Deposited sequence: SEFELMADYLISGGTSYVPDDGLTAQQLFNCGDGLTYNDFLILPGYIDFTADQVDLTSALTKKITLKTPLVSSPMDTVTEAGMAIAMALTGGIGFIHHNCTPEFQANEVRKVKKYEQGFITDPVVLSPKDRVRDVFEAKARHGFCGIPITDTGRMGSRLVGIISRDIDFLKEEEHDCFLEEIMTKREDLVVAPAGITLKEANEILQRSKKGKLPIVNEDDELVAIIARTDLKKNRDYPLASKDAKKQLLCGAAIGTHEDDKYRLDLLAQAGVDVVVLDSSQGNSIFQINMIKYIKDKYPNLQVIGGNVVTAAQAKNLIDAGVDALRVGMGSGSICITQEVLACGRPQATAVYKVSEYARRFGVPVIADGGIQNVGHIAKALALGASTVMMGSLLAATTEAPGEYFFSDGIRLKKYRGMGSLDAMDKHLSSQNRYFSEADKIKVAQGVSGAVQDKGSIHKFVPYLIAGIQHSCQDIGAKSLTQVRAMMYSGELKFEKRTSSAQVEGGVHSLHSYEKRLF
């Protein structure tokens, strides 16, 4: 009855989060007894598996503080001067589940590129007290990224470095050999991303998260699942497939703590959201779009809802912690099954004249 993850993904099919479900297990505990403790890198641990994306319409100091206070972490974007990014990290560091360091200050992440401006940008961020840095690229398996990783681990031996983006075990081997402390996974699955239309390169997100995690777990390197998360079930699926944490953009967009002001159109409230490879953000080929997302309220209200939903999902599948979810996934005890297009219709809201969908 059911299929194990190894035989679900080694079929060669192009599986996404919407193409499968997890089969229910046995329940002998309540939902809020479930532990969501998660390893971000080899040496940084969070109370929750949630990470904010380093985009200029998603993460500044206000978003980073709110994610850290709710038990996650925020990565500040680099579409600004080195001075500005360092000042934002300083505001986070100088501000029950809160994510904190050895001095009891909030944890903060930052993003950098792989050019020579980024070697100076790194120094300002290290002086500002950054806890972890992510090399922000579409295709992280490059000589430019490998030279940047080898430079950082020599200059600042204490710093935690996240490599990527990657979608295959061959790409992960080079970055793990180069000494990264974690891997960012996904290519083209993001809500605002058109990289697969424009360059024919990418991967369906569920098989990518599963494949890279199966290779990376052998070296003690955790995986961050990034792009294409639309709901709490997508977070549960990403963690169940081997990811240690989940990074999101559009799902945290249009919250009170996200950068940019609110506006009105068609009688409803909106906030701007755009890809870092859109012409708006940057002979010059575009890799993303710019648009808008509906208002979602404060992260101090929305993150507790995601936490309750992940706990309820772990209870339905029979696991007391995310560590136990991944252990029963790799051992073949957790079970999955595919969905046909008809099953996807049967699984959504159907056969009603009209309906109202409130989540919490």
> Wait, which stretches of the deposited chain are just not there in the structure?
Replying inline: 1-20, 116-237, 425-440
